[PDB]
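Here PDB author numbering is used: the first residue of the sequence shown is 1, the next is one more, and so on.
Comments concern the structure below.
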Amino acid sequence: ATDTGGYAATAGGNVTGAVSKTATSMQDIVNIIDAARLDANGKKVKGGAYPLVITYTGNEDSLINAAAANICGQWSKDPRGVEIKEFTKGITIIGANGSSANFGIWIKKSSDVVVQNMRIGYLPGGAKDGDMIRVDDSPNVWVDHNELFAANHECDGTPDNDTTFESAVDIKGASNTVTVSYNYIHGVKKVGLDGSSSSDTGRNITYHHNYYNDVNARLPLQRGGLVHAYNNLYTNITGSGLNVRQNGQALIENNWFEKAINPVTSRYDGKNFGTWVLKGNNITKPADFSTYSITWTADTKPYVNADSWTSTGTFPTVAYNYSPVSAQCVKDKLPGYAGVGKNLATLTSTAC
Ligand SMILES: [Ca+2]
């Protein structure tokens with residue numbers, strides 16, 4: 001079906017007439033997508049000729065392990081990534097169990113794209129937009145059951161001292177409806193934007209059942225629009241979590257926060273603070289902060305923290321259908337449903 005448990009409604013390339021192809025390498029993925037633009041007469045078709053389901057069986061563990069050992073040598077290398085540009089027939093890139101990639105997936109001006117069961121880590125090119133997953137001007141995209149990692153560390157002498165490694169999942173432009181679910185993101189400094197600038201506001205994005213561990217900031221850095229974050233497990237957040245900016249609205253429900261600094265804020269602009277609706281999280285009142293090691297800090301410019309742990313605005317009726325489990329169930333069970341090799345398993349109340 002087209003249900004993603006979020007704003008994105010897609011089946012990807014898992015539709016009628018889909019052509020199934022197996023990619024053994026990054027280059028195969030590129031050659032496969034390219035060939036999919038040609039019709040029966042060998043002539044290009046705008047948006048692609050047919051739907052695709054690409055099963056990636058490649059393994060680049062040697063690159064990953066080599067990079068994991070020399071963290072500071074990555075930012076200056078050439079970035080590596082597969083570009084899914086202007087492909088709208090529907091496409092699904094799914095990793096075979098045991099596969100891995102030291103390259104990213106950059107989606108641009110496309111639609112109905114599903115990325116599943118991919119293990120991407122320690123990407124090169126942090127100083128040259130070496131994102132793991134980029135969703136740009138692309139509606140109906142589903143980023144599900146992936147493991148995205150690097151090192152939550154900033155080396156010295158990197159451009160802007162913020163380029164050791166780029167982001168895990170950056171969303172920007174007219175990527176109007178996106179669902180980011182069941183991903184295991186760890187060891188990442190900049191998790192992901194939701195608007196590339198003050199002017200790039202909007203979109204409806206859902207983050208659910210994601211497991212974040214040892215991440216510094218941007219969970220996401222929201223620029224306007226709506227963000228619905230439910231059933232996520234946030235732990236070891238070393239900087240800030242959800243940063244709601246430019247009057248964006250967020251519904252933060254049934255998540256589990258632990259060992260986090262500034263879990264819900266609106267900072268760095270000094271104005272146009274966003275709002276949030278808090279409900280059913282493990283934290284219910286300020287008393288719980290001490291219980292789960294939640295600390296807050298101030299900013300040099302005007303900011304708004306959720307230290308009173310109260311709702312500061314409203315949120316529209318959540319269009320889609322979804323069944324959130326309790327905050328405890330997430331904390332207990334989520335680590336077994338998030339990531340690669342979980343056969344795309346989902347967490348339900350019955351499993352609680
Ligand atoms: Ca980026």
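A virtual CB, placed ideally from N, CA and C, is assigned to each residue, including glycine.
Tell me which same chain residues have a C-beta within less than 8 Å of the C-beta of residue i, skipping the five on either side of it?
i       : result
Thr-55  : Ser-20, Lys-21, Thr-22, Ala-23, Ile-94, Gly-95 and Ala-96
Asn-102 : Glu-60, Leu-63, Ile-64, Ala-67, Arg-80, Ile-120, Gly-121, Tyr-122, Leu-123 and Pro-124
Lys-44  : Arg-37 and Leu-38
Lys-301 : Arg-267, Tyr-268, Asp-269 and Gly-270
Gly-225 : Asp-194, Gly-195, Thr-201, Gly-202, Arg-203, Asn-204, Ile-205, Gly-248 and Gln-249
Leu-344 : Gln-116, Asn-117, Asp-144, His-145 and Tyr-182
Quick one, are the C-beta atoms of residue i and residue j less than 8 Å apart?
i           : j       : result
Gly-12      : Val-169 : no
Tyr-234     : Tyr-268 : no
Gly-192     : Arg-218 : yes
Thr-297     : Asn-262 : yes
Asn-236     : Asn-255 : no
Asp-144     : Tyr-182 : yes
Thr-163     : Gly-126 : yes
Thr-177     : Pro-139 : yes
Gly-274     : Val-244 : yes
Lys-109     : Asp-137 : yes
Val-115     : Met-26  : no
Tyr-7       : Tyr-320 : yes
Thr-57      : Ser-99  : yes
residue 361 : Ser-175 : There is no way to answer for residue 361, as the model of the chain reaches only from 1 to 352.
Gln-249     : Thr-201 : no
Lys-189     : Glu-154 : yes
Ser-266     : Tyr-292 : no
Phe-257     : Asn-282 : yes
Spatial neighbours of residue i within its chain, please: CB distance less than 7 Å, with the 5 preceding and 5 following residues excluded, ordered by chain position.
i       : result
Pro-286 : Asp-307, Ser-308 and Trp-309
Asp-129 : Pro-79 and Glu-166
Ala-351 : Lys-333
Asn-14  : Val-53 and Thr-92
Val-264 : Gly-241, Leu-242, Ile-252, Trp-276 and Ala-306
Quickly, what does DSSP pair residue i with across the bridge? List them, please.
i       : result
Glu-147 : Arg-119 and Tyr-184
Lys-279 : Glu-253
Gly-104 : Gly-81
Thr-179 : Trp-142 and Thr-206
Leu-193 : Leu-221
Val-15  : Bridge partners of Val-15: none, in fact.
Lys-333 : DSSP lists no partner for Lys-333.
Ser-266 : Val-304
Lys-109 : In the DSSP output, where bridge partners are listed per residue, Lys-109 has none listed.
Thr-22  : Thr-55
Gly-95  : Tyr-56
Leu-344 : BP columns for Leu-344 are empty, so no partner.
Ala-9   : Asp-3
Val-114 : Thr-92 and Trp-142
Return the chain-ordered list of same chain residues with a C-beta closer than 6 Å to the C-beta of residue i, the five sequence neighbours on each side being excluded.
i       : result
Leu-251 : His-228, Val-277 and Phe-315
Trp-75  : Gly-126, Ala-127, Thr-158, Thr-163 and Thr-164
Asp-214 : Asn-152, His-186, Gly-187 and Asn-236
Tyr-230 : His-208, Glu-253, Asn-254 and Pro-324
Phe-87  : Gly-48 and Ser-110
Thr-4   : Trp-142 and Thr-179
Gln-328 : none
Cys-72  : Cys-155
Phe-149 : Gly-121, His-186 and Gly-187
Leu-221 : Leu-193 and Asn-243
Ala-35  : none
Assuming residue i contacts residue j (C-beta within less than 8 Å), just tell me the rounded distance between them.
i       : j       : result
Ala-338 : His-208 : About 10 Å separates the two Cβ atoms, so there is no contact after all.
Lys-89  : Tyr-50  : 6 Å
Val-53  : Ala-1   : At roughly 15 Å, the Cβ-Cβ gap does not stay under 8 Å, so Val-53 and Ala-1 are not in contact.
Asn-117 : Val-340 : 5 Å
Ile-133 : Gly-104 : 6 Å
Ordered list of alpha helix (DSSP H) runs contained in the stretch 41 to 85, each at least 4 residues: 61 to 68
In the stretch 127 to 173, which residue ranges form an unbroken beta strand (DSSP E) of at least 3 residues, counting only runs that do not cross its ends? 133 to 136, 141 to 144, 147 to 149 and 169 to 172
Please go through the stretch 201 to 262 and give each complete beta strand (DSSP E) segment of 3 or more residues, from N-terminal end onward. 204 to 208, 211 to 217, 221 to 223, 226 to 230, 233 to 237, 242 to 245, 249 to 253 and 256 to 261
In chain order, which continuous runs of the alpha helix (DSSP H) of length 4 or greater are located wholly inside the stretch 285 to 325? 287 to 292
Can you pull every residue whose C-beta falls closer than 6 Å to some heavy atom of ligand 3, listed in chain order? Absence of ligand 3 is noted for the structure shown, with ligand 1 being the only ligands found.
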